[PDB]
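K.L.:
Residue numbers (the deposited numbering): 22 to 454.
Beta carbons: idealized from backbone N, C-alpha and C, even for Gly.
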Amino acid sequence: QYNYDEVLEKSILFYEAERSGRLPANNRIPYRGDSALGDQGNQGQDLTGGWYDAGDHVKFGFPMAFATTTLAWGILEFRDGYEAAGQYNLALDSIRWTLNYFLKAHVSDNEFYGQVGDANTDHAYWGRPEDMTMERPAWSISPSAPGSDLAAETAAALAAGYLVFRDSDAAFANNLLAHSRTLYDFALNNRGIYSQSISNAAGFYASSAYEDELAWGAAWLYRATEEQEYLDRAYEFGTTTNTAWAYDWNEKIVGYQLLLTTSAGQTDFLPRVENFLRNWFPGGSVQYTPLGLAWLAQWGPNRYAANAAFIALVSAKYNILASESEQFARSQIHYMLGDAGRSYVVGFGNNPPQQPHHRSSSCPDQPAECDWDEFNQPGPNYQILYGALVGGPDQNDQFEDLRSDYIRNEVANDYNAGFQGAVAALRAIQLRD
Ligand SMILES: [Ca+2]
Ligand SMILES: [Mg+2]
Numbered sequence: 022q023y024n025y026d027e028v029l030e031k032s033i034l035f036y037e038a039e040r041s042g043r044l045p046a047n048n049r050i051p052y053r054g055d056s057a058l059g060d061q062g063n064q065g066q067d068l069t070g071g072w073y074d075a076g077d078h079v080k081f082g083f084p085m086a087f088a089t090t091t092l093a094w095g096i097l098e099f100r101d102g103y104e105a106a107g108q109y110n111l112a113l114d115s116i117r118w119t120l121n122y123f124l125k126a127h128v129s130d131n132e133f134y135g136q137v138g139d140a141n142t143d144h145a146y147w148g149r150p151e152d153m154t155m156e157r158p159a160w161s162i163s164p165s166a167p168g169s170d171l172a173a174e175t176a177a178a179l180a181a182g183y184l185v186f187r188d189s190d191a192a193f194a195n196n197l198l199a200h201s202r203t204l205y206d207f208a209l210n211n212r213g214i215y216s217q218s219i220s221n222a223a224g225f226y227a228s229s230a231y232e233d234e235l236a237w238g239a240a241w242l243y244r245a246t247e248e249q250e251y252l253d254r255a256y257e258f259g260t261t262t263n264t265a266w267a268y269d270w271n272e273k274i275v276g277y278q279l280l281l282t283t284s285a286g287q288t289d290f291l292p293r294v295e296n297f298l299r300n301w302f303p304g305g306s307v308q309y310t311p312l313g314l315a316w317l318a319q320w321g322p323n324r325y326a327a328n329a330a331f332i333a334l335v336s337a338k339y340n341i342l343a344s345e346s347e348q349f350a351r352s353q354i355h356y357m358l359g360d361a362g363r364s365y366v367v368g369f370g371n372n373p374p375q376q377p378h379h380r381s382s383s384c385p386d387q388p389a390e391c392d393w394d395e396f397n398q399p400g401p402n403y404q405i406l407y408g409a410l411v412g413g414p415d416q417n418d419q420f421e422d423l424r425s426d427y428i429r430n431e432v433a434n435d436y437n438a439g440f441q442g443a444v445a446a447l448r449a450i451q452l453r454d
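1) Touch check for the region 255-270 and the region 282-302: three-plus C-beta pairs under 8 Å?
2) With ligand 2 as the reference, list in chain order each residue whose Cβ lies under 6 Å from any of its heavy atoms.
3) When the Cα atoms are used, what is the spatial distance from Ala38 to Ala409?
4) Give the range of the beta strand (DSSP E) segment to which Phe133 is assigned.
5) Rounding to the nearest angstrom, what Cα-Cα distance links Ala333 and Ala326 in this structure?
6) Let me know the alpha helix (DSSP H) ranges lying completely inside the region 343-407, each 4 residues or longer, listed in chain order.
7) Can you tell me the Cα-Cα spacing of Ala245 and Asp77, whole angstroms?
8) Less than 8 Å between the CB atoms is what I'm expecting for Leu314 and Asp418, so what's the real figure, rounded?
9) From the DSSP output, which residues share a beta bridge with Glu431?
10) Taking 6 Å as the limit between beta carbons, can you name the residues of its chain near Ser216, skipping five residues before and five after?
11) Using only the heavy atoms of ligand 1, determine whether one of them is closer than 7 Å to the beta carbon of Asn271.
12) Can you tell me whether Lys31 is helix, strand or coil according to DSSP?
13) Taking only three categories from DSSP, how would you classify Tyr339?
14) Cα separation between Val307 and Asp269?
15) If you count every other CB in all the chains shown that lies within 10 Å of the CB of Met85, and 16 or more means buried, which is it?
16) Considering only the alpha carbon of each residue, which of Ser425, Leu312 and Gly442 lies closest to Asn328?
17) Rounded to a whole number of angstroms, what is the C-alpha to C-alpha distance between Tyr23 and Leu406?
18) Kindly indicate the opening and closing residues of the alpha helix (DSSP H) around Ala194.
19) Is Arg40 helix, strand or coil when you go by DSSP?
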C-alpha cells in the first residue's frame, strides 16, 4: 500500500539535508552546500559536521545523540529491511556523519562539546545555513560542568555505532567503542544535568533527569562488551517498577528496559515493556484522534507515536506481544504515510506537507535572497525536504500546513529517528510474510 523503500530513501535524505559542515563530493541535496565551517572548540578544536537539530542551525548534542542511538538500534534490529530496500549502506553513511561529529566533540577524556550555536541568536535569523555570519559559540560539559545525561546518551550512540560498524569498518567501530567507554565513565563520575551546565540548552532540550541515561548507556555498553560491570550499572540506575510515559530524547526508560529484555536476556524488565505497549495500544492510556493517530500531546505527536511504533516493532521482533505490536505499529506509521487522507512525510505520498518549519528548504535556489520574507511567504517551501516527518495534526486530525505553525509544522532529527526504524521493520515483515 505504501512504498517503504521510497520512504526509507527519503527519510535518509532528510537527515542528509540536515548536515552541517563540509559536505562530501557525493552530496545528494543540491540546495545544500558547505556551512558552519568555523564551528570550533575554545582551543580551536575542529567541531565541523553533525546535524542541525530541526529547522534551525543549532547543533544540540542531546537529541542529536539520541536520534543516532535510536537509528543505530533500528539498523541493528531491522538490517534485513534496510538491506531489502537498498538503503543499508546509505543508512550507515547517514549515522557515520553524527558519530564522526561526536568523536570530534570529545576533545579529551573528560570534556565533551554539547552545543554549537546560540539558540537565541540562531532562531532570530531566517536564511540559509550557508549564509550565516553570526557568532556560533560552542559549550562543553566537563568535571566543572557535568552532564551525565548528555555524556551517557552519547556513549550509548557510540556503543550502538560500534555494534553497527564492527563487521564492516573495525577501525572506526573500535574508536567509537573506546570513546563510548571513556564518555560513560565521565558521565558516571561527574554527575549533573547537562542543560544546567550548558544553560543555553534549557529553553529547548532541558533534561528532566539523567538516571535513565545512565541505565541506557550501561545497557548499550553491556551489549557491546558483555562485561558484567555494565549490566550491574544498568540495574543500579534502571527501574523495574516504573513504566515509561513515552520513548523520546528525554526519557530512555522503556528503551533500556526493552534492550535489556531482548539483547541481554533479562526478565525483570519485561512487565514494564508490556505495560508501555498496552498503554499505547488501542484501549490503553493514550488517546487516539478520530482518524486513528495515537496522540500523546500537541508537541510532536507524530514523533511520540512513531517512537512508540519503533519500540513496538523491536518488541515484536523478539516475540513480545508480536501480533498486537505489529498491528499497532503499522497503524501508526500508515497514519503518517497518508491513511487519514494526506501524507505527513514531506516529499512523499499524497498531498504531503508543503511548509515545513525549516530554513534551508524555505529558501529559493542560490543566488536568490533568503531572509524573513521566505519565512512569511504563503506558498510552499521552494525546496522539497524529502523524508521529513512533521510534528503532526492536532487531537482532531486538523493540520493547516503553515510554516509559522512552529508546533504542527516542526521537523527535527528526533522526529524521524524512531519513524525510520519502524519503516525498516515494516519492510522486513514483508520479507517474512
Ligand atoms: Ca532522562
Ligand atoms: Mg530548488
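P.N.:
Put simply:
1) Yes, since at least three Cβ pairs between the region 255-270 and the region 282-302 fall closer than 8 Å, the two stretches touch.
2) Counting only heavy atoms of ligand 2, the residues whose C-beta sits closer than 6 Å to one of them are, along the chain, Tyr52, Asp386, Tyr403 and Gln404.
3) The alpha-carbon atoms of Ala38 and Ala409 are separated by roughly 10 Å.
4) Looking at the DSSP string, the run of the beta strand (DSSP E) that includes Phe133 is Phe133 to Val137.
5) Roughly 10 Å separates the two Cα atoms.
6) Listed in chain order, they are 343-355, 380-383 and 393-397.
7) One alpha carbon belongs to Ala245, the other to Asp77, and they sit about 34 Å apart.
8) 7 Å between Cβ atoms; contact.
9) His378, per the DSSP bridge assignment.
10) Correct list, in chain order: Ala222, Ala223, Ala227 and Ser228.
11) In this structure, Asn271 has its beta carbon less than 7 Å from a heavy atom of ligand 1.
12) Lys31 sits in a helix when the DSSP states are folded into three classes.
13) Coil at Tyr339, not helix or strand.
14) So the alpha carbons of these two residues sit roughly 15 Å apart.
15) Buried, by the Cβ-count rule.
16) Out of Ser425, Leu312 and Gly442, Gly442 has the C-alpha closest to the C-alpha of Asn328.
17) Their backbone Cα atoms lie some 19 Å apart in a straight line.
18) Looking at the DSSP string, the run of the alpha helix (DSSP H) that includes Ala194 is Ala191 to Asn210.
19) Assignment of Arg40 by DSSP, reduced to helix, strand and coil, places it in the strand class.
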